[PDB]
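Student: The following block contains the structure, expressed as structure tokens.
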Amino acid sequence: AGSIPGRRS
Amino acid sequence: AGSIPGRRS
Amino acid sequence: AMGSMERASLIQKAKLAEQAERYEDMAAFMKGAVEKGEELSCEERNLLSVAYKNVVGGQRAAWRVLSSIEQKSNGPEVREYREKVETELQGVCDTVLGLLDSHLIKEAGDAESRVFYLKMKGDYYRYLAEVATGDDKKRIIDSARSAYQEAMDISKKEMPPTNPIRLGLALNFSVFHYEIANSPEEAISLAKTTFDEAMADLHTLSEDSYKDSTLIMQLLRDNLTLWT
Amino acid sequence: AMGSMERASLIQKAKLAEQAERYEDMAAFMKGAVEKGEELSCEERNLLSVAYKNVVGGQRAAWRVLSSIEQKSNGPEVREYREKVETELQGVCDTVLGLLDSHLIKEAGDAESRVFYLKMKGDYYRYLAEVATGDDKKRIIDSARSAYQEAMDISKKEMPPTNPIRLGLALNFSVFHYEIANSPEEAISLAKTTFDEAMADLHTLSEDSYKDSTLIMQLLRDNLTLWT
Ligand SMILES: *Cc1ccc([N+](=O)[O-])c(OS(=O)(=O)c2cnn(C)c2)c1
Ligand SMILES: *Cc1ccc([N+](=O)[O-])c(OS(=O)(=O)c2cnn(C)c2)c1
Ligand SMILES: [Ca+2]
Ligand SMILES: [Ca+2]
Ligand SMILES: [Cl-]
Ligand SMILES: [Cl-]
């Protein structure tokens, strides 16, 4: 399912 | 303001 | 770099790239298709326009973010990076303009193709004008104006007032007047006259054409609401 | 191509590129910063990871769209274009892996940096595994597993069970088990044990650390809900 979205910051 | 979005199709 | 790929394969890959939201690839595939030298069908013209509109739309959004930061700050980094983005945006606009000039417009004899390409020419000069300064800005503004005006003159003679290309041309020329040419009253007059003339022609349309035309008319009304 | 730009200017431009949503530029700026040869601070590690996660995230989404079309169809165009996207994705993963191997991991001695980089190594092998087939897939899967396992072993010895890097490592290793390694029971056990051990340590945290840890715990619970 979801990994760390990790696309902000 | 808004021009034709024109980004689909 | 697309010279070795079949025209039909470039078109098919442009459609796949649109589905994959790979707009840079889509624009490169459609540039390759244009450079095959044949005229573009209606669907192919739309693929060319959608591809470049998405590429330059991303660049314009980034340029606006960076310009806003740069203006708040007034080291060289924000200006340098805004300049890099600006140059890349200018290059995409010059590429599109070059396709139109070599040789899409000169081979376009039907009103729907010629108006479509001249509207694109106005749009890409308009995006150049958005980032231009001073006494380059003037000539770029005039080039946009001249392209939109030729398209308007053809569209009024050759297409009904509900034709979606005619409507979108008028919408975008009105945005040119309001945002670029400092002519808000001309923008409002054009949007109002376009809307009213389309309204009066809706009775001639099928259900599906009515949906197409009213969608763009709503955009004209949304701008008029914002401008008045 | 960033060798002539100051490290501090690359970092500043990576932050501007993030604000402008220009993730390819952001990744190139952070690659240039890594190649200056100094270790990365905590904030700089996060900029490196965010940049590449966005680049490879776009590629993975496009690859999934194209693979789905290709599987529905089973001319060469969909396969050829899926292969092009796949090669570009593999190249980005190889670039990130190369930065980690030359020389970020070997210079990382503190647990927070070493776990961070080994989690990245597991993640980028995992993205390679998503597109791999057969008896290359096996070695790539093992490389992901080995990187995640080393990170897990350090994190359990050196960080509290609420540390966000420890939590995100465990989340992503559980996704590895479920989606790549065909070990759904190991995925569920790891997510449950991680969640429970973090819950028991929340009482030690400040308000802001509590918010950080509970955010990731919610992701563990969301996966557990989907998997059970
Ligand atoms: C893998 C990972 C887990 C947690 C965090 N973090 O919450 O700091 C990471 O740092 S990050 O910059 O990549 C990130 C991801 N999501 N946020 C809010 C930050 C990485
Ligand atoms: C400028 C323009 C106006 C209308 C249309 N159209 O409705 O067909 C255009 O074609 S398009 O492919 O660029 C487009 C834009 N929005 N849609 C739904 C299609 C162009
Ligand atoms: Ca041919
Ligand atoms: Ca220096
Ligand atoms: Cl012709
Ligand atoms: Cl060190």
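Along the chain as shown, residues are numbered 1 onward.
Header says: X-ray crystallography, 1.4 Å.
Backbone N, Cα and C define each Cβ position, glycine as well.
Got these off the PDB entry a minute ago, pasting:
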type: SEQADV; residues: C:1-4; note: expression tag
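Pulled these features from Swiss-Prot for this protein:
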type: MOD_RES; residues: C:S9; note: phosphoserine
type: SITE; residues: C:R60; note: site 'Interaction with phosphoserine on interacting protein'
type: SITE; residues: C:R126; note: site 'Interaction with phosphoserine on interacting protein'
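What's the neighbourhood like for each of these?
Tutor: Panel annotation: around the expression tag (C:1-4), residues 10, 28-29, 31-33, 35 of the same chain, lying at least six beyond its termini, place a Cβ under 8 Å from a Cβ of the stretch.
For C:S9 (phosphoserine), other Cβ atoms within 10 Å of its Cβ number 19.
A helical conformation is recorded for C:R60 (site 'Interaction with phosphoserine on interacting protein') in the three-state DSSP classification. Annotation for C:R60 (site 'Interaction with phosphoserine on interacting protein'): spatial neighbours C:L89, C:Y127, C:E130, criterion Cβ-Cβ under 8 Å with sequence separation of six or more.
In sequence order, C:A144, C:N172, C:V175, C:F176, C:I180 are the residues of the chain that are 6 or more apart from C:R126 (site 'Interaction with phosphoserine on interacting protein') and have a CB within less than 8 Å of its CB.
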Student: Sub-8 Å Cβ contact with chain D: please pick out which of the recorded positions C:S9, C:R60, C:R126 have it.
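Tutor: Out of C:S9, C:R60, C:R126, C:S9 lie under 8 Å of chain D.
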Student: So the entry has no coordinates for 7 residues flanked by C:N74 and C:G75. How far apart are their C-alpha atoms in Å?
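Tutor: Cα separation at the break: 11 Å.
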